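Asker: Following this line is my_file-v7.cif, made up of mmCIF, N, CA and C atoms:
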```cif
data_target
loop_
_atom_site.group_PDB
_atom_site.id
_atom_site.type_symbol
_atom_site.label_atom_id
_atom_site.label_comp_id
_atom_site.auth_asym_id
_atom_site.auth_seq_id
_atom_site.Cartn_x
_atom_site.Cartn_y
_atom_site.Cartn_z
ATOM 1 N N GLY A 1 -6.421 39.017 80.015
ATOM 2 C CA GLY A 1 -5.922 38.191 78.932
ATOM 3 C C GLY A 1 -6.534 38.556 77.594
ATOM 4 N N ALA A 2 -5.855 38.186 76.514
ATOM 5 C CA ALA A 2 -6.340 38.478 75.170
ATOM 6 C C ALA A 2 -5.683 37.567 74.139
ATOM 7 N N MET A 3 -6.398 37.298 73.053
ATOM 8 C CA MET A 3 -5.883 36.440 71.991
ATOM 9 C C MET A 3 -6.268 36.982 70.619
ATOM 10 N N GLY A 4 -5.575 36.513 69.585
ATOM 11 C CA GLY A 4 -5.859 36.962 68.235
ATOM 12 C C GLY A 4 -5.454 38.405 68.007
ATOM 13 N N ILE A 5 -6.089 39.050 67.036
ATOM 14 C CA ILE A 5 -5.790 40.441 66.718
ATOM 15 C C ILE A 5 -7.062 41.219 66.400
ATOM 16 N N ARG A 6 -6.989 42.540 66.529
ATOM 17 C CA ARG A 6 -8.134 43.399 66.254
ATOM 18 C C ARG A 6 -7.943 44.158 64.944
ATOM 19 N N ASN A 7 -7.023 45.118 64.952
ATOM 20 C CA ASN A 7 -6.745 45.919 63.766
ATOM 21 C C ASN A 7 -5.340 45.641 63.239
ATOM 22 N N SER A 8 -5.042 46.168 62.057
ATOM 23 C CA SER A 8 -3.735 45.976 61.441
ATOM 24 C C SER A 8 -2.917 47.262 61.488
ATOM 25 N N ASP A 9 -1.602 47.127 61.341
ATOM 26 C CA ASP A 9 -0.707 48.278 61.364
ATOM 27 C C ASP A 9 -0.178 48.584 59.967
ATOM 28 N N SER A 10 -0.125 47.559 59.122
ATOM 29 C CA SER A 10 0.365 47.718 57.758
ATOM 30 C C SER A 10 -0.661 48.441 56.892
ATOM 31 N N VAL A 11 -0.269 48.760 55.662
ATOM 32 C CA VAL A 11 -1.154 49.452 54.733
ATOM 33 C C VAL A 11 -0.802 49.118 53.287
ATOM 34 N N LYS A 12 -1.782 49.253 52.400
ATOM 35 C CA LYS A 12 -1.577 48.968 50.985
ATOM 36 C C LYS A 12 -2.043 50.136 50.121
ATOM 37 N N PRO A 13 -1.299 51.251 50.181
ATOM 38 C CA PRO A 13 -1.616 52.456 49.410
ATOM 39 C C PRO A 13 -1.385 52.265 47.915
ATOM 40 N N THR A 14 -0.503 51.331 47.572
ATOM 41 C CA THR A 14 -0.192 51.050 46.176
ATOM 42 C C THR A 14 -1.460 50.803 45.367
ATOM 43 N N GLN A 15 -1.323 50.801 44.045
ATOM 44 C CA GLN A 15 -2.460 50.578 43.160
ATOM 45 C C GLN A 15 -2.872 49.109 43.164
ATOM 46 N N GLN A 16 -3.855 48.773 42.334
ATOM 47 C CA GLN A 16 -4.341 47.401 42.244
ATOM 48 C C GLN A 16 -3.337 46.515 41.516
ATOM 49 N N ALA A 17 -3.341 45.228 41.848
ATOM 50 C CA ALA A 17 -2.431 44.275 41.224
ATOM 51 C C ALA A 17 -2.712 42.855 41.703
ATOM 52 N N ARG A 18 -2.354 41.875 40.880
ATOM 53 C CA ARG A 18 -2.568 40.474 41.219
ATOM 54 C C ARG A 18 -1.524 39.991 42.222
ATOM 55 N N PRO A 19 -1.859 38.919 42.955
ATOM 56 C CA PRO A 19 -0.964 38.337 43.960
ATOM 57 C C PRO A 19 0.245 37.651 43.331
ATOM 58 N N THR A 20 1.266 37.400 44.145
ATOM 59 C CA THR A 20 2.481 36.750 43.669
ATOM 60 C C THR A 20 2.411 35.240 43.869
ATOM 61 N N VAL A 21 3.185 34.507 43.075
ATOM 62 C CA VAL A 21 3.212 33.052 43.166
ATOM 63 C C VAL A 21 4.518 32.565 43.783
ATOM 64 N N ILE A 22 4.477 32.253 45.073
ATOM 65 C CA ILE A 22 5.657 31.773 45.782
ATOM 66 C C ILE A 22 5.347 30.506 46.571
ATOM 67 N N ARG A 23 6.275 29.555 46.544
ATOM 68 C CA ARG A 23 6.102 28.296 47.258
ATOM 69 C C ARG A 23 7.450 27.722 47.683
ATOM 70 N N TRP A 24 7.742 27.806 48.975
ATOM 71 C CA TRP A 24 8.999 27.295 49.509
ATOM 72 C C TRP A 24 8.748 26.192 50.532
ATOM 73 N N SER A 25 9.419 25.059 50.351
ATOM 74 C CA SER A 25 9.264 23.926 51.256
ATOM 75 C C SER A 25 10.624 23.376 51.674
ATOM 76 N N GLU A 26 11.024 23.676 52.905
ATOM 77 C CA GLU A 26 12.305 23.212 53.425
ATOM 78 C C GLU A 26 12.160 22.709 54.859
ATOM 79 N N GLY A 27 11.820 23.618 55.768
ATOM 80 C CA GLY A 27 11.655 23.249 57.161
ATOM 81 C C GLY A 27 12.481 24.115 58.092
ATOM 82 N N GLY A 28 12.560 25.406 57.782
ATOM 83 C CA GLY A 28 13.326 26.322 58.607
ATOM 84 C C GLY A 28 12.516 26.880 59.761
ATOM 85 N N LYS A 29 12.996 27.972 60.344
ATOM 86 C CA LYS A 29 12.310 28.607 61.464
ATOM 87 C C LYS A 29 11.500 29.809 60.995
ATOM 88 N N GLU A 30 12.052 30.556 60.043
ATOM 89 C CA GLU A 30 11.378 31.733 59.509
ATOM 90 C C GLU A 30 11.778 31.977 58.056
ATOM 91 N N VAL A 31 10.782 32.183 57.200
ATOM 92 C CA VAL A 31 11.028 32.428 55.785
ATOM 93 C C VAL A 31 10.503 33.797 55.364
ATOM 94 N N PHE A 32 11.331 34.546 54.645
ATOM 95 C CA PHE A 32 10.951 35.875 54.180
ATOM 96 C C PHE A 32 11.298 36.056 52.705
ATOM 97 N N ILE A 33 10.533 36.901 52.023
ATOM 98 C CA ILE A 33 10.758 37.162 50.607
ATOM 99 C C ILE A 33 10.988 38.648 50.352
ATOM 100 N N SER A 34 11.889 38.951 49.423
ATOM 101 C CA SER A 34 12.202 40.335 49.085
ATOM 102 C C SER A 34 12.645 40.452 47.630
ATOM 103 N N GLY A 35 12.179 41.502 46.960
ATOM 104 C CA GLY A 35 12.537 41.711 45.568
ATOM 105 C C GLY A 35 12.591 43.180 45.199
ATOM 106 N N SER A 36 12.616 43.461 43.900
ATOM 107 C CA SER A 36 12.673 44.836 43.416
ATOM 108 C C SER A 36 11.334 45.538 43.614
ATOM 109 N N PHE A 37 10.284 44.750 43.822
ATOM 110 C CA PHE A 37 8.947 45.295 44.025
ATOM 111 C C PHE A 37 8.896 46.159 45.281
ATOM 112 N N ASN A 38 9.896 45.998 46.143
ATOM 113 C CA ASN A 38 9.965 46.763 47.384
ATOM 114 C C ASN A 38 11.330 47.425 47.538
ATOM 115 N N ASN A 39 12.102 47.438 46.455
ATOM 116 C CA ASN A 39 13.429 48.041 46.469
ATOM 117 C C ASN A 39 14.352 47.302 47.434
ATOM 118 N N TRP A 40 14.002 46.058 47.743
ATOM 119 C CA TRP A 40 14.800 45.243 48.653
ATOM 120 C C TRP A 40 15.076 45.992 49.952
ATOM 121 N N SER A 41 14.118 46.808 50.376
ATOM 122 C CA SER A 41 14.261 47.584 51.603
ATOM 123 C C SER A 41 13.330 47.056 52.690
ATOM 124 N N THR A 42 12.805 45.853 52.479
ATOM 125 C CA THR A 42 11.899 45.236 53.439
ATOM 126 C C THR A 42 11.708 43.753 53.139
ATOM 127 N N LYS A 43 11.503 42.964 54.188
ATOM 128 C CA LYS A 43 11.304 41.528 54.038
ATOM 129 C C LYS A 43 9.842 41.155 54.261
ATOM 130 N N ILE A 44 9.218 40.586 53.236
ATOM 131 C CA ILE A 44 7.820 40.181 53.323
ATOM 132 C C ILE A 44 7.685 38.809 53.975
ATOM 133 N N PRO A 45 6.760 38.702 54.941
ATOM 134 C CA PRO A 45 6.510 37.449 55.661
ATOM 135 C C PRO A 45 5.851 36.395 54.777
ATOM 136 N N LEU A 46 6.313 35.156 54.900
ATOM 137 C CA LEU A 46 5.768 34.055 54.113
ATOM 138 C C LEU A 46 4.722 33.282 54.908
ATOM 139 N N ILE A 47 3.457 33.463 54.545
ATOM 140 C CA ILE A 47 2.361 32.780 55.224
ATOM 141 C C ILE A 47 2.613 31.278 55.298
ATOM 142 N N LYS A 48 2.952 30.799 56.490
ATOM 143 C CA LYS A 48 3.217 29.381 56.698
ATOM 144 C C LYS A 48 1.950 28.555 56.495
ATOM 145 N N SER A 49 2.003 27.621 55.552
ATOM 146 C CA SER A 49 0.859 26.767 55.257
ATOM 147 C C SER A 49 1.134 25.326 55.678
ATOM 148 N N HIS A 50 0.067 24.576 55.933
ATOM 149 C CA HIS A 50 0.193 23.182 56.344
ATOM 150 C C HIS A 50 1.008 22.389 55.328
ATOM 151 N N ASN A 51 1.005 22.851 54.081
ATOM 152 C CA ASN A 51 1.742 22.182 53.016
ATOM 153 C C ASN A 51 3.170 22.713 52.928
ATOM 154 N N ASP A 52 3.303 24.034 52.895
ATOM 155 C CA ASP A 52 4.613 24.670 52.813
ATOM 156 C C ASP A 52 4.495 26.182 52.972
ATOM 157 N N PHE A 53 5.609 26.881 52.781
ATOM 158 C CA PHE A 53 5.630 28.334 52.905
ATOM 159 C C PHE A 53 5.221 28.997 51.594
ATOM 160 N N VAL A 54 4.581 30.158 51.699
ATOM 161 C CA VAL A 54 4.134 30.896 50.523
ATOM 162 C C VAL A 54 4.097 32.395 50.796
ATOM 163 N N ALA A 55 4.071 33.185 49.728
ATOM 164 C CA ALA A 55 4.030 34.636 49.852
ATOM 165 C C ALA A 55 2.924 35.232 48.988
ATOM 166 N N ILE A 56 2.350 36.337 49.448
ATOM 167 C CA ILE A 56 1.281 37.004 48.715
ATOM 168 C C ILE A 56 1.462 38.518 48.735
ATOM 169 N N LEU A 57 1.638 39.102 47.555
ATOM 170 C CA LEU A 57 1.820 40.545 47.435
ATOM 171 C C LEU A 57 1.357 41.041 46.068
ATOM 172 N N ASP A 58 0.578 42.117 46.069
ATOM 173 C CA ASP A 58 0.071 42.693 44.829
ATOM 174 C C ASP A 58 1.181 43.412 44.070
ATOM 175 N N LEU A 59 1.644 42.798 42.986
ATOM 176 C CA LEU A 59 2.706 43.378 42.171
ATOM 177 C C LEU A 59 2.176 43.796 40.803
ATOM 178 N N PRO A 60 2.821 44.806 40.202
ATOM 179 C CA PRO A 60 2.434 45.320 38.885
ATOM 180 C C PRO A 60 2.738 44.331 37.765
ATOM 181 N N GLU A 61 1.993 44.438 36.670
ATOM 182 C CA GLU A 61 2.184 43.551 35.527
ATOM 183 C C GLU A 61 3.574 43.732 34.925
ATOM 184 N N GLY A 62 4.415 42.713 35.076
ATOM 185 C CA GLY A 62 5.763 42.778 34.542
ATOM 186 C C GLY A 62 6.658 41.684 35.091
ATOM 187 N N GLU A 63 7.966 41.866 34.953
ATOM 188 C CA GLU A 63 8.930 40.884 35.438
ATOM 189 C C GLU A 63 9.766 41.459 36.577
ATOM 190 N N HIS A 64 9.773 40.764 37.705
ATOM 191 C CA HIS A 64 10.534 41.215 38.857
ATOM 192 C C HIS A 64 11.427 40.079 39.360
ATOM 193 N N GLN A 65 12.364 40.443 40.228
ATOM 194 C CA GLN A 65 13.295 39.476 40.799
ATOM 195 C C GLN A 65 13.241 39.503 42.323
ATOM 196 N N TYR A 66 13.003 38.342 42.922
ATOM 197 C CA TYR A 66 12.924 38.232 44.373
ATOM 198 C C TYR A 66 13.974 37.260 44.904
ATOM 199 N N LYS A 67 14.026 37.118 46.224
ATOM 200 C CA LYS A 67 14.981 36.220 46.861
ATOM 201 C C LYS A 67 14.434 35.691 48.182
ATOM 202 N N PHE A 68 14.736 34.432 48.482
ATOM 203 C CA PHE A 68 14.275 33.807 49.716
ATOM 204 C C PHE A 68 15.294 33.997 50.836
ATOM 205 N N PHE A 69 14.807 34.023 52.073
ATOM 206 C CA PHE A 69 15.673 34.200 53.231
ATOM 207 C C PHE A 69 15.279 33.247 54.356
ATOM 208 N N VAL A 70 15.954 32.103 54.418
ATOM 209 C CA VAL A 70 15.676 31.107 55.445
ATOM 210 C C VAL A 70 16.937 30.759 56.230
ATOM 211 N N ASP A 71 16.756 30.381 57.490
ATOM 212 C CA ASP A 71 17.878 30.021 58.349
ATOM 213 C C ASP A 71 18.800 31.216 58.569
ATOM 214 N N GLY A 72 18.219 32.413 58.570
ATOM 215 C CA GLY A 72 19.003 33.617 58.770
ATOM 216 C C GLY A 72 19.980 33.869 57.638
ATOM 217 N N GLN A 73 19.597 33.471 56.429
ATOM 218 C CA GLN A 73 20.447 33.654 55.259
ATOM 219 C C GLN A 73 19.622 33.641 53.977
ATOM 220 N N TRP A 74 20.111 34.336 52.957
ATOM 221 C CA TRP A 74 19.418 34.405 51.676
ATOM 222 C C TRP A 74 19.681 33.152 50.848
ATOM 223 N N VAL A 75 18.626 32.387 50.585
ATOM 224 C CA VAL A 75 18.744 31.164 49.802
ATOM 225 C C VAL A 75 17.850 31.212 48.569
ATOM 226 N N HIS A 76 17.977 30.204 47.712
ATOM 227 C CA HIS A 76 17.177 30.131 46.494
ATOM 228 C C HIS A 76 17.010 28.683 46.039
ATOM 229 N N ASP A 77 15.981 28.435 45.237
ATOM 230 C CA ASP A 77 15.710 27.094 44.734
ATOM 231 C C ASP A 77 16.270 26.920 43.325
ATOM 232 N N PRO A 78 16.956 25.790 43.096
ATOM 233 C CA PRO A 78 17.555 25.478 41.795
ATOM 234 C C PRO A 78 16.506 25.174 40.731
ATOM 235 N N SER A 79 15.329 24.743 41.173
ATOM 236 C CA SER A 79 14.243 24.414 40.258
ATOM 237 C C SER A 79 13.604 25.680 39.695
ATOM 238 N N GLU A 80 13.659 26.758 40.470
ATOM 239 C CA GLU A 80 13.086 28.031 40.050
ATOM 240 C C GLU A 80 14.050 28.788 39.141
ATOM 241 N N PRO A 81 13.510 29.748 38.375
ATOM 242 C CA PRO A 81 14.303 30.562 37.450
ATOM 243 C C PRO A 81 15.231 31.530 38.178
ATOM 244 N N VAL A 82 16.390 31.029 38.595
ATOM 245 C CA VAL A 82 17.366 31.849 39.303
ATOM 246 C C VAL A 82 18.361 32.479 38.334
ATOM 247 N N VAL A 83 19.018 33.545 38.779
ATOM 248 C CA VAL A 83 19.997 34.240 37.952
ATOM 249 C C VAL A 83 21.011 34.986 38.811
ATOM 250 N N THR A 84 22.262 35.000 38.363
ATOM 251 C CA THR A 84 23.328 35.678 39.090
ATOM 252 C C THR A 84 23.298 37.180 38.834
ATOM 253 N N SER A 85 22.894 37.941 39.845
ATOM 254 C CA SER A 85 22.818 39.393 39.729
ATOM 255 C C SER A 85 24.179 39.981 39.370
ATOM 256 N N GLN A 86 24.197 41.275 39.069
ATOM 257 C CA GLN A 86 25.434 41.959 38.709
ATOM 258 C C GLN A 86 26.424 41.939 39.868
ATOM 259 N N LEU A 87 25.905 41.781 41.081
ATOM 260 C CA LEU A 87 26.744 41.746 42.273
ATOM 261 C C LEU A 87 27.184 40.320 42.589
ATOM 262 N N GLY A 88 26.948 39.411 41.647
ATOM 263 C CA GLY A 88 27.329 38.025 41.841
ATOM 264 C C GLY A 88 26.410 37.302 42.808
ATOM 265 N N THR A 89 25.303 37.946 43.163
ATOM 266 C CA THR A 89 24.342 37.360 44.089
ATOM 267 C C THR A 89 23.188 36.703 43.339
ATOM 268 N N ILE A 90 23.033 35.397 43.529
ATOM 269 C CA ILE A 90 21.967 34.651 42.872
ATOM 270 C C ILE A 90 20.599 35.065 43.403
ATOM 271 N N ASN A 91 19.655 35.276 42.492
ATOM 272 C CA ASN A 91 18.304 35.676 42.870
ATOM 273 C C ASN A 91 17.266 34.968 42.002
ATOM 274 N N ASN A 92 16.043 34.872 42.514
ATOM 275 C CA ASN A 92 14.960 34.219 41.787
ATOM 276 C C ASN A 92 14.369 35.154 40.736
ATOM 277 N N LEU A 93 13.422 34.639 39.960
ATOM 278 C CA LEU A 93 12.774 35.428 38.917
ATOM 279 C C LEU A 93 11.272 35.166 38.891
ATOM 280 N N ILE A 94 10.492 36.236 38.785
ATOM 281 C CA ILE A 94 9.039 36.122 38.745
ATOM 282 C C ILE A 94 8.456 36.929 37.591
ATOM 283 N N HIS A 95 7.397 36.404 36.984
ATOM 284 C CA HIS A 95 6.743 37.078 35.867
ATOM 285 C C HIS A 95 5.243 37.210 36.116
ATOM 286 N N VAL A 96 4.786 38.445 36.302
ATOM 287 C CA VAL A 96 3.374 38.708 36.549
ATOM 288 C C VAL A 96 2.688 39.244 35.296
ATOM 289 N N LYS A 97 1.433 38.852 35.103
ATOM 290 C CA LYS A 97 0.664 39.293 33.945
ATOM 291 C C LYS A 97 -0.515 40.160 34.375
ATOM 292 N N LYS A 98 -1.354 40.530 33.414
ATOM 293 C CA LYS A 98 -2.522 41.357 33.691
ATOM 294 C C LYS A 98 -3.810 40.595 33.398
ATOM 295 N N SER A 99 -4.914 41.064 33.972
ATOM 296 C CA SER A 99 -6.209 40.426 33.772
ATOM 297 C C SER A 99 -7.181 41.374 33.076
ATOM 298 N N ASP A 100 -6.635 42.312 32.310
ATOM 299 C CA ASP A 100 -7.452 43.280 31.589
ATOM 300 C C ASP A 100 -7.932 42.704 30.260
ATOM 301 N N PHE A 101 -7.117 41.840 29.667
ATOM 302 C CA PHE A 101 -7.457 41.218 28.392
ATOM 303 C C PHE A 101 -7.968 39.796 28.599
ATOM 304 N N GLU A 102 -7.458 39.136 29.634
ATOM 305 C CA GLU A 102 -7.862 37.768 29.940
ATOM 306 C C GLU A 102 -9.369 37.684 30.168
ATOM 307 N N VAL A 103 -9.965 38.803 30.564
ATOM 308 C CA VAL A 103 -11.400 38.858 30.815
ATOM 309 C C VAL A 103 -12.166 39.229 29.551
ATOM 310 N N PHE A 104 -13.324 38.605 29.362
ATOM 311 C CA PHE A 104 -14.154 38.869 28.192
ATOM 312 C C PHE A 104 -15.082 40.054 28.440
ATOM 313 N N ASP A 105 -15.490 40.227 29.692
ATOM 314 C CA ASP A 105 -16.379 41.322 30.062
ATOM 315 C C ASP A 105 -17.703 41.225 29.312
#
```
Spell out the structure here as structure tokens.
Answerer:
Amino acid sequence: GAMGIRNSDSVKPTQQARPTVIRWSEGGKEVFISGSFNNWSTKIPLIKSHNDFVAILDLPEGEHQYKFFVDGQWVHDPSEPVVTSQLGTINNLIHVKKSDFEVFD
């Protein structure tokens, strides 16, 4: 028998960057996040929290667009900064900053 985990299979070769700010609260079975930060070629797992679902990924300083995927379908929150993509597909909006100037050093 065995429990827990030993080593990881994923990797983070990308450069340094701050975490993303995501918070989804509905009550589905599985929640995933995807945006331009990954070319929408992969679904990032949302760390299920006692409070709600959330996502964490080191993204570059700038503005990116992501989308939620719950209940086996791509959904979005009306409270969040959503926008109708060129393909008529509604997507969320995220804005990341840098900590190079925020620090006094």
Asker: I'd like the interatomic distance between atom N of residue 10 in chain A and CA of residue 40 in chain A, to a tenth of an Å.
Answerer: 18.4 Å
Asker: Which of these, A:54, A:59, A:90, A:46, has the shortest distance to residue 74 in chain A once you count all atoms listed in the file?
Answerer: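 Using all atoms listed in the file, residue 74 in chain A sits closest to A:90.
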Asker: Kindly give the distance, in Å, that separates CA of residue 37 in chain A and CA of residue 67 in chain A, rounded to a single decimal.
Answerer: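 If I compute the distance from CA of residue 37 in chain A to CA of residue 67 in chain A, I get 11.3 Å.
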Asker: Taking the file as shown, find all residues satisfying the PyMOL selection byres ((chain A and resi 65) around 7) and write them as a list in words.
Answerer: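 Here the PyMOL selection byres ((chain A and resi 65) around 7) matches residues 34, 35, 36, 37, 63, 64, 66, 67, 91, 92, 93 and 94 of chain A.
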Asker: Emit the selected residues as a PDB file, in the frame of the given file, including N, CA and C atoms.
Answerer:
```
ATOM      1  N   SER A  34      11.889  38.951  49.423  1.00  0.00           N
ATOM      2  CA  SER A  34      12.202  40.335  49.085  1.00  0.00           C
ATOM      3  C   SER A  34      12.645  40.452  47.630  1.00  0.00           C
ATOM      4  N   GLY A  35      12.179  41.502  46.960  1.00  0.00           N
ATOM      5  CA  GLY A  35      12.537  41.711  45.568  1.00  0.00           C
ATOM      6  C   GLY A  35      12.591  43.180  45.199  1.00  0.00           C
ATOM      7  N   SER A  36      12.616  43.461  43.900  1.00  0.00           N
ATOM      8  CA  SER A  36      12.673  44.836  43.416  1.00  0.00           C
ATOM      9  C   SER A  36      11.334  45.538  43.614  1.00  0.00           C
ATOM     10  N   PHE A  37      10.284  44.750  43.822  1.00  0.00           N
ATOM     11  CA  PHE A  37       8.947  45.295  44.025  1.00  0.00           C
ATOM     12  C   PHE A  37       8.896  46.159  45.281  1.00  0.00           C
ATOM     13  N   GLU A  63       7.966  41.866  34.953  1.00  0.00           N
ATOM     14  CA  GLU A  63       8.930  40.884  35.438  1.00  0.00           C
ATOM     15  C   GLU A  63       9.766  41.459  36.577  1.00  0.00           C
ATOM     16  N   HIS A  64       9.773  40.764  37.705  1.00  0.00           N
ATOM     17  CA  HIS A  64      10.534  41.215  38.857  1.00  0.00           C
ATOM     18  C   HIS A  64      11.427  40.079  39.360  1.00  0.00           C
ATOM     19  N   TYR A  66      13.003  38.342  42.922  1.00  0.00           N
ATOM     20  CA  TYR A  66      12.924  38.232  44.373  1.00  0.00           C
ATOM     21  C   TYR A  66      13.974  37.260  44.904  1.00  0.00           C
ATOM     22  N   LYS A  67      14.026  37.118  46.224  1.00  0.00           N
ATOM     23  CA  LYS A  67      14.981  36.220  46.861  1.00  0.00           C
ATOM     24  C   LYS A  67      14.434  35.691  48.182  1.00  0.00           C
ATOM     25  N   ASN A  91      19.655  35.276  42.492  1.00  0.00           N
ATOM     26  CA  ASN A  91      18.304  35.676  42.870  1.00  0.00           C
ATOM     27  C   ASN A  91      17.266  34.968  42.002  1.00  0.00           C
ATOM     28  N   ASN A  92      16.043  34.872  42.514  1.00  0.00           N
ATOM     29  CA  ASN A  92      14.960  34.219  41.787  1.00  0.00           C
ATOM     30  C   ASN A  92      14.369  35.154  40.736  1.00  0.00           C
ATOM     31  N   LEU A  93      13.422  34.639  39.960  1.00  0.00           N
ATOM     32  CA  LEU A  93      12.774  35.428  38.917  1.00  0.00           C
ATOM     33  C   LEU A  93      11.272  35.166  38.891  1.00  0.00           C
ATOM     34  N   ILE A  94      10.492  36.236  38.785  1.00  0.00           N
ATOM     35  CA  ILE A  94       9.039  36.122  38.745  1.00  0.00           C
ATOM     36  C   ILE A  94       8.456  36.929  37.591  1.00  0.00           C
TER      37      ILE A  94
END
```
Asker: Applying the PyMOL selection byres ((chain A and resi 52) around 7) to the file I just gave you, which residues come out? Please list them as a ChimeraX atom specification.
Answerer: /A:23-26,47-51,53-54
Asker: For the residues in that selection, give me N, CA and C atoms as a PDB file, in the frame of the given file.
Answerer:
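Listing of out-v7.pdb after writing:
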```pdb
ATOM      1  N   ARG A  23       6.275  29.555  46.544  1.00  0.00           N
ATOM      2  CA  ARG A  23       6.102  28.296  47.258  1.00  0.00           C
ATOM      3  C   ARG A  23       7.450  27.722  47.683  1.00  0.00           C
ATOM      4  N   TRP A  24       7.742  27.806  48.975  1.00  0.00           N
ATOM      5  CA  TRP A  24       8.999  27.295  49.509  1.00  0.00           C
ATOM      6  C   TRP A  24       8.748  26.192  50.532  1.00  0.00           C
ATOM      7  N   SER A  25       9.419  25.059  50.351  1.00  0.00           N
ATOM      8  CA  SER A  25       9.264  23.926  51.256  1.00  0.00           C
ATOM      9  C   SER A  25      10.624  23.376  51.674  1.00  0.00           C
ATOM     10  N   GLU A  26      11.024  23.676  52.905  1.00  0.00           N
ATOM     11  CA  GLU A  26      12.305  23.212  53.425  1.00  0.00           C
ATOM     12  C   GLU A  26      12.160  22.709  54.859  1.00  0.00           C
ATOM     13  N   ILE A  47       3.457  33.463  54.545  1.00  0.00           N
ATOM     14  CA  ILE A  47       2.361  32.780  55.224  1.00  0.00           C
ATOM     15  C   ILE A  47       2.613  31.278  55.298  1.00  0.00           C
ATOM     16  N   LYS A  48       2.952  30.799  56.490  1.00  0.00           N
ATOM     17  CA  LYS A  48       3.217  29.381  56.698  1.00  0.00           C
ATOM     18  C   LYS A  48       1.950  28.555  56.495  1.00  0.00           C
ATOM     19  N   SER A  49       2.003  27.621  55.552  1.00  0.00           N
ATOM     20  CA  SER A  49       0.859  26.767  55.257  1.00  0.00           C
ATOM     21  C   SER A  49       1.134  25.326  55.678  1.00  0.00           C
ATOM     22  N   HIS A  50       0.067  24.576  55.933  1.00  0.00           N
ATOM     23  CA  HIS A  50       0.193  23.182  56.344  1.00  0.00           C
ATOM     24  C   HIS A  50       1.008  22.389  55.328  1.00  0.00           C
ATOM     25  N   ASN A  51       1.005  22.851  54.081  1.00  0.00           N
ATOM     26  CA  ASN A  51       1.742  22.182  53.016  1.00  0.00           C
ATOM     27  C   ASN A  51       3.170  22.713  52.928  1.00  0.00           C
ATOM     28  N   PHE A  53       5.609  26.881  52.781  1.00  0.00           N
ATOM     29  CA  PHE A  53       5.630  28.334  52.905  1.00  0.00           C
ATOM     30  C   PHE A  53       5.221  28.997  51.594  1.00  0.00           C
ATOM     31  N   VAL A  54       4.581  30.158  51.699  1.00  0.00           N
ATOM     32  CA  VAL A  54       4.134  30.896  50.523  1.00  0.00           C
ATOM     33  C   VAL A  54       4.097  32.395  50.796  1.00  0.00           C
TER      34      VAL A  54
END
```
Asker: Can you translate the PyMOL selection byres ((chain A and resi 19) around 6.5) into the concrete residues it hits in this file, as a CSV table (one decimal) with N, CA and C atoms, in the frame of the given file?
Answerer:
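Generated file (selection-v8.csv):
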```csv
chain,number,residue,atom,x,y,z
A,17,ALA,N,-3.3,45.2,41.8
A,17,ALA,CA,-2.4,44.3,41.2
A,17,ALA,C,-2.7,42.9,41.7
A,18,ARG,N,-2.4,41.9,40.9
A,18,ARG,CA,-2.6,40.5,41.2
A,18,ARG,C,-1.5,40.0,42.2
A,20,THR,N,1.3,37.4,44.1
A,20,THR,CA,2.5,36.8,43.7
A,20,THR,C,2.4,35.2,43.9
A,21,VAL,N,3.2,34.5,43.1
A,21,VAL,CA,3.2,33.1,43.2
A,21,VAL,C,4.5,32.6,43.8
A,56,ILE,N,2.4,36.3,49.4
A,56,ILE,CA,1.3,37.0,48.7
A,56,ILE,C,1.5,38.5,48.7
A,57,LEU,N,1.6,39.1,47.6
A,57,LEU,CA,1.8,40.5,47.4
A,57,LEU,C,1.4,41.0,46.1
A,58,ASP,N,0.6,42.1,46.1
A,58,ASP,CA,0.1,42.7,44.8
A,58,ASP,C,1.2,43.4,44.1
A,59,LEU,N,1.6,42.8,43.0
A,59,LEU,CA,2.7,43.4,42.2
A,59,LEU,C,2.2,43.8,40.8
```
Asker: What does the distance from CA of residue 33 in chain A to atom C of residue 69 in chain A come to in Å, to one decimal?
Answerer: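 Taking CA of residue 33 in chain A and atom C of residue 69 in chain A, their separation equals 7.1 Å.
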Asker: Quick check for you: according to DSSP on this backbone, which residues of chain A are classed as strand (DSSP E or B)? Reply as a ChimeraX atom specification.
Answerer: /A:18,22-24,31-35,44-45,47-48,53-55,59,62-64,66-70,73-75,83-84,90-91,94-96
Asker: Hey, can you pull every residue with an atom no more than 7 Å from (18.6, 31.5, 60.3), using only N, CA and C atoms, and send it as a ChimeraX atom specification?
Answerer: /A:29-30,70-73
